[PDB]
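Undergrad: Take a look at this one; I'll ask things after.
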Amino acid sequence: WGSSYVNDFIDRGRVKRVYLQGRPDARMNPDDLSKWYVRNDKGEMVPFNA
Amino acid sequence: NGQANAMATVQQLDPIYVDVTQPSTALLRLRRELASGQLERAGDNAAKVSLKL
């Protein structure tokens, strides 16, 4: 959600930024908060609403 | 005789099991709202399931 700016890259001889964020379909409503998963220590994905 | 690793595998592609998952808190709130409050009334087409790739 927070759109983390990760590093820089070159474009047409100019230094520009590169960002990282989920797609717009995945962050619009609170139940879309349940659509994201995290990997536990054992290696499986657990949903965010768990 | 009785080794762990196999030599080959045979599979039946028709039909296909689809094992899906859902969190237990979602099942809990669905079971709570299914009885308390408004009745969800699952009905006849509760068996119907369609998937996307």
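As shown in the structure tokens, the chain order sets the letters A, B, ...; within each chain, residues go from 1, and ligands are also counted from 1 in the order they appear.
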Give the strand (DSSP E) residues of chain A, as assigned by DSSP on the backbone, as a PyMOL selection string.

TA: chain A and resi 4-11+14-20+37-39+45-47

Undergrad: May I have the residues from that selection written out with N, CA, C and O atoms, as a PDB file, in the first residue's frame?

TA:
```pdb
ATOM      1  N   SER A   4       6.622   1.645  -1.799  1.00  0.00           N
ATOM      2  CA  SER A   4       8.012   1.836  -1.409  1.00  0.00           C
ATOM      3  C   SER A   4       8.889   2.138  -2.615  1.00  0.00           C
ATOM      4  O   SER A   4       8.862   1.421  -3.616  1.00  0.00           O
ATOM      5  N   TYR A   5       9.654   3.218  -2.517  1.00  0.00           N
ATOM      6  CA  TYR A   5      10.617   3.601  -3.540  1.00  0.00           C
ATOM      7  C   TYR A   5      11.905   2.833  -3.288  1.00  0.00           C
ATOM      8  O   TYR A   5      12.498   2.952  -2.213  1.00  0.00           O
ATOM      9  N   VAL A   6      12.328   2.032  -4.260  1.00  0.00           N
ATOM     10  CA  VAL A   6      13.344   1.027  -3.964  1.00  0.00           C
ATOM     11  C   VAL A   6      14.756   1.501  -4.321  1.00  0.00           C
ATOM     12  O   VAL A   6      15.638   1.503  -3.460  1.00  0.00           O
ATOM     13  N   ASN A   7      15.017   1.934  -5.552  1.00  0.00           N
ATOM     14  CA  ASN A   7      16.328   2.467  -5.937  1.00  0.00           C
ATOM     15  C   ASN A   7      16.132   3.353  -7.162  1.00  0.00           C
ATOM     16  O   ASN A   7      15.028   3.839  -7.423  1.00  0.00           O
ATOM     17  N   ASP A   8      17.219   3.634  -7.873  1.00  0.00           N
ATOM     18  CA  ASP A   8      17.183   4.492  -9.048  1.00  0.00           C
ATOM     19  C   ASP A   8      17.501   3.704 -10.313  1.00  0.00           C
ATOM     20  O   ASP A   8      18.010   2.584 -10.266  1.00  0.00           O
ATOM     21  N   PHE A   9      17.215   4.319 -11.458  1.00  0.00           N
ATOM     22  CA  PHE A   9      17.579   3.739 -12.743  1.00  0.00           C
ATOM     23  C   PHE A   9      17.732   4.869 -13.748  1.00  0.00           C
ATOM     24  O   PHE A   9      17.330   6.005 -13.487  1.00  0.00           O
ATOM     25  N   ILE A  10      18.298   4.544 -14.895  1.00  0.00           N
ATOM     26  CA  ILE A  10      18.609   5.528 -15.924  1.00  0.00           C
ATOM     27  C   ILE A  10      17.551   5.481 -17.012  1.00  0.00           C
ATOM     28  O   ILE A  10      17.143   4.412 -17.470  1.00  0.00           O
ATOM     29  N   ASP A  11      17.111   6.660 -17.446  1.00  0.00           N
ATOM     30  CA  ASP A  11      16.149   6.760 -18.539  1.00  0.00           C
ATOM     31  C   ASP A  11      16.505   7.986 -19.364  1.00  0.00           C
ATOM     32  O   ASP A  11      16.411   9.109 -18.858  1.00  0.00           O
ATOM     33  N   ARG A  14      18.838  10.370 -17.963  1.00  0.00           N
ATOM     34  CA  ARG A  14      18.398  11.008 -16.734  1.00  0.00           C
ATOM     35  C   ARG A  14      18.146   9.958 -15.663  1.00  0.00           C
ATOM     36  O   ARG A  14      17.579   8.899 -15.942  1.00  0.00           O
ATOM     37  N   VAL A  15      18.573  10.255 -14.444  1.00  0.00           N
ATOM     38  CA  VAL A  15      18.322   9.379 -13.308  1.00  0.00           C
ATOM     39  C   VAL A  15      16.884   9.556 -12.849  1.00  0.00           C
ATOM     40  O   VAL A  15      16.432  10.676 -12.591  1.00  0.00           O
ATOM     41  N   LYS A  16      16.157   8.448 -12.745  1.00  0.00           N
ATOM     42  CA  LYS A  16      14.780   8.472 -12.282  1.00  0.00           C
ATOM     43  C   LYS A  16      14.587   7.386 -11.236  1.00  0.00           C
ATOM     44  O   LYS A  16      15.450   6.529 -11.039  1.00  0.00           O
ATOM     45  N   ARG A  17      13.440   7.428 -10.569  1.00  0.00           N
ATOM     46  CA  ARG A  17      13.147   6.534  -9.462  1.00  0.00           C
ATOM     47  C   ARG A  17      12.327   5.338  -9.933  1.00  0.00           C
ATOM     48  O   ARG A  17      11.651   5.380 -10.958  1.00  0.00           O
ATOM     49  N   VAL A  18      12.364   4.264  -9.149  1.00  0.00           N
ATOM     50  CA  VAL A  18      11.534   3.089  -9.387  1.00  0.00           C
ATOM     51  C   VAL A  18      10.813   2.736  -8.090  1.00  0.00           C
ATOM     52  O   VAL A  18      11.418   2.724  -7.010  1.00  0.00           O
ATOM     53  N   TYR A  19       9.502   2.540  -8.191  1.00  0.00           N
ATOM     54  CA  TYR A  19       8.626   2.325  -7.055  1.00  0.00           C
ATOM     55  C   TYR A  19       8.069   0.912  -7.073  1.00  0.00           C
ATOM     56  O   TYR A  19       8.191   0.181  -8.057  1.00  0.00           O
ATOM     57  N   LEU A  20       7.447   0.535  -5.962  1.00  0.00           N
ATOM     58  CA  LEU A  20       6.869  -0.788  -5.809  1.00  0.00           C
ATOM     59  C   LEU A  20       5.587  -0.666  -5.007  1.00  0.00           C
ATOM     60  O   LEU A  20       5.597  -0.125  -3.896  1.00  0.00           O
ATOM     61  N   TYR A  37      -0.915 -12.129   1.222  1.00  0.00           N
ATOM     62  CA  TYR A  37      -0.399 -13.299   1.911  1.00  0.00           C
ATOM     63  C   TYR A  37       1.033 -13.061   2.357  1.00  0.00           C
ATOM     64  O   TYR A  37       1.785 -12.325   1.715  1.00  0.00           O
ATOM     65  N   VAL A  38       1.412 -13.694   3.464  1.00  0.00           N
ATOM     66  CA  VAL A  38       2.786 -13.654   3.949  1.00  0.00           C
ATOM     67  C   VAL A  38       3.287 -15.075   4.142  1.00  0.00           C
ATOM     68  O   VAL A  38       2.521 -15.971   4.504  1.00  0.00           O
ATOM     69  N   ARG A  39       4.571 -15.284   3.883  1.00  0.00           N
ATOM     70  CA  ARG A  39       5.173 -16.603   4.009  1.00  0.00           C
ATOM     71  C   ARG A  39       5.701 -16.772   5.425  1.00  0.00           C
ATOM     72  O   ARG A  39       6.481 -15.943   5.901  1.00  0.00           O
ATOM     73  N   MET A  45       2.075 -19.999   2.820  1.00  0.00           N
ATOM     74  CA  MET A  45       1.466 -18.681   2.822  1.00  0.00           C
ATOM     75  C   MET A  45       0.250 -18.646   3.733  1.00  0.00           C
ATOM     76  O   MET A  45      -0.626 -19.511   3.665  1.00  0.00           O
ATOM     77  N   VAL A  46       0.200 -17.629   4.583  1.00  0.00           N
ATOM     78  CA  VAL A  46      -0.928 -17.388   5.472  1.00  0.00           C
ATOM     79  C   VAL A  46      -1.561 -16.060   5.067  1.00  0.00           C
ATOM     80  O   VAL A  46      -0.842 -15.093   4.768  1.00  0.00           O
ATOM     81  N   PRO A  47      -2.888 -15.995   4.958  1.00  0.00           N
ATOM     82  CA  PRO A  47      -3.536 -14.752   4.536  1.00  0.00           C
ATOM     83  C   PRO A  47      -3.470 -13.678   5.602  1.00  0.00           C
ATOM     84  O   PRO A  47      -3.177 -13.936   6.770  1.00  0.00           O
TER      85      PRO A  47
END
```

Undergrad: Could you please tell me, as a ChimeraX atom specification, which residues of chain B have an atom within 8 Å of chain A when using only C-alpha atoms?

TA: /B:23-25

Undergrad: Please produce a file of the residues just selected, as a PDB file, in the first residue's frame, where the atoms kept are N, CA, C and O atoms.

TA:
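Final output, saved to result-v1.pdb:
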```pdb
ATOM      1  N   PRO B  23      -9.539 -19.042   5.307  1.00  0.00           N
ATOM      2  CA  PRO B  23      -9.165 -18.883   6.715  1.00  0.00           C
ATOM      3  C   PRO B  23     -10.323 -19.179   7.648  1.00  0.00           C
ATOM      4  O   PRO B  23     -11.493 -19.050   7.287  1.00  0.00           O
ATOM      5  N   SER B  24      -9.974 -19.585   8.868  1.00  0.00           N
ATOM      6  CA  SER B  24     -10.984 -20.036   9.815  1.00  0.00           C
ATOM      7  C   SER B  24     -11.789 -18.879  10.384  1.00  0.00           C
ATOM      8  O   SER B  24     -12.927 -19.078  10.819  1.00  0.00           O
ATOM      9  N   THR B  25     -11.225 -17.670  10.395  1.00  0.00           N
ATOM     10  CA  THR B  25     -11.976 -16.521  10.885  1.00  0.00           C
ATOM     11  C   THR B  25     -13.080 -16.132   9.913  1.00  0.00           C
ATOM     12  O   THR B  25     -14.156 -15.686  10.332  1.00  0.00           O
TER      13      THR B  25
END
```

Undergrad: Leaving out residue B:18 and any residue of its chain fewer than 4 positions from it, which residues lie within 12 Å of it when counting only C-alpha atoms, given as a VMD selection string?

TA: chain B and resid 13 49 to 53

Undergrad: Write down as a PyMOL selection string the residues belonging to chain B that are assigned helix (DSSP H, G or I) by DSSP computed on the backbone.

TA: chain B and resi 24-35+45-47

Undergrad: Can you tell me how far atom CA of residue B:48 sits from atom CA of residue B:34, in Å to one decimal?

TA: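 Calculated distance between atom CA of residue B:48 and atom CA of residue B:34 is 18.3 Å.
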